[PDB]
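What follows is one chain in structure tokens, specifically the form deposited in one PDB entry.
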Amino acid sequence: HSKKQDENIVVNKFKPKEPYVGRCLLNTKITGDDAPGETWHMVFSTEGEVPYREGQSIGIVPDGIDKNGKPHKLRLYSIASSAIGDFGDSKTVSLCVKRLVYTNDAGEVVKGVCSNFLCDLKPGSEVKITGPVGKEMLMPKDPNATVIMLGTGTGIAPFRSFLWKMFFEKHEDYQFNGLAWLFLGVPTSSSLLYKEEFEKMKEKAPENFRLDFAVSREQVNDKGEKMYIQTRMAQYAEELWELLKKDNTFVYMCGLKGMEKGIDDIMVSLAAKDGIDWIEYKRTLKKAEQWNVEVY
């Protein structure tokens, strides 16, 4: 008895103790050379063995041993493809990885373990996959629900999975006819991800898909304030609020951990104008499968 597509969810099929070994088919940098850092899009072969669905994640065990002689524990990554995959053959799984590179106060430039492995993988190399994993970010069963997706950076991944299924695929059970509204937050323009894909769906279905970008280093709002994801949402406040008072509206939030507060604020102000306390209203929504979060 659930409002989400989960009838027969396969989960934890492959364990990190003995994971599924696949091959790297493709790996491409999808952010400009100008961007603040680089994000890559990669397609793995699973030969139909990893039974995932939209909204799930797989874990990856990077090659190597750690500082203390032991092999690396896994890292999770949202699946950036639909169930049938980028090739449509239901025999691939795709990821949206951000290359973690920074410098500690010791002055040293530090490279994240797993993300650099994934970003440095060459077509044909093997990758140890675990999972699938996840039940929170699953799609609503109702093919007419209003699906609002708020994401930042690589948080775009499960939403790209939703959209390829809703607007790029012909399925004899799922004929989406509701509203899908996407808000994507990024710094520079060279950081927008999958834009072409998203713009194509807009023109392909102007009635069912709404698309809003938020480039914080180049866009400004009313008062000349920086355009962060909540800033862009604000411009639709009264509407988003109205949609939230409806019962077939599902909100999804994925991406960098720090995005949740910014949005909360919006939601607070926006809730009181109707004489409501965001904090506990959100508690009811959550309990009703209508406010789903997966930031990290």
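Here the rigid core means the biggest group of C-alpha atoms that line up within 1.5 Å when the two forms are laid on top of each other. When you see a residue number, it is the position in the sequence shown, counting from 1.
Although it is not shown, the form deposited with a partner chain bound is what the next lines describe.
Using a 4.5 Å cut-off to its partner chain in the deposited complex, not one of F209, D265 and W291 places a heavy atom inside that distance. Distance criterion of 4.5 Å from any heavy atom to its partner chain in the deposited complex singles out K204 from the list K135, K111, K204, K141. A heavy atom within 4.5 Å of its partner chain in the deposited complex is found for exactly one of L179, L192, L74, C119: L192. For the chain shown alone, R232 is not a contact residue for its partner chain in the deposited complex, no non-hydrogen atom being within 4.5 angstroms.
With a 4.5 Å cutoff on heavy atoms, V43 counts as touching its partner chain in the deposited complex.
Taking non-hydrogen atoms only, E169 approaches its partner chain to within 4.5 angstroms in the deposited complex. In the deposited complex, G153 stays away from its partner chain, with no heavy atom inside 4.5 Å. You can rule out all but one of 236-244, 51-59, 251-259, 26-34: in the deposited complex, only 26-34 has residues with a heavy atom within 4.5 Å of its partner chain. Only one of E203, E196, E207, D105 has its Cα shifted by 2 Å or more between this form and the one not shown after fitting on the core, and that residue is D105.
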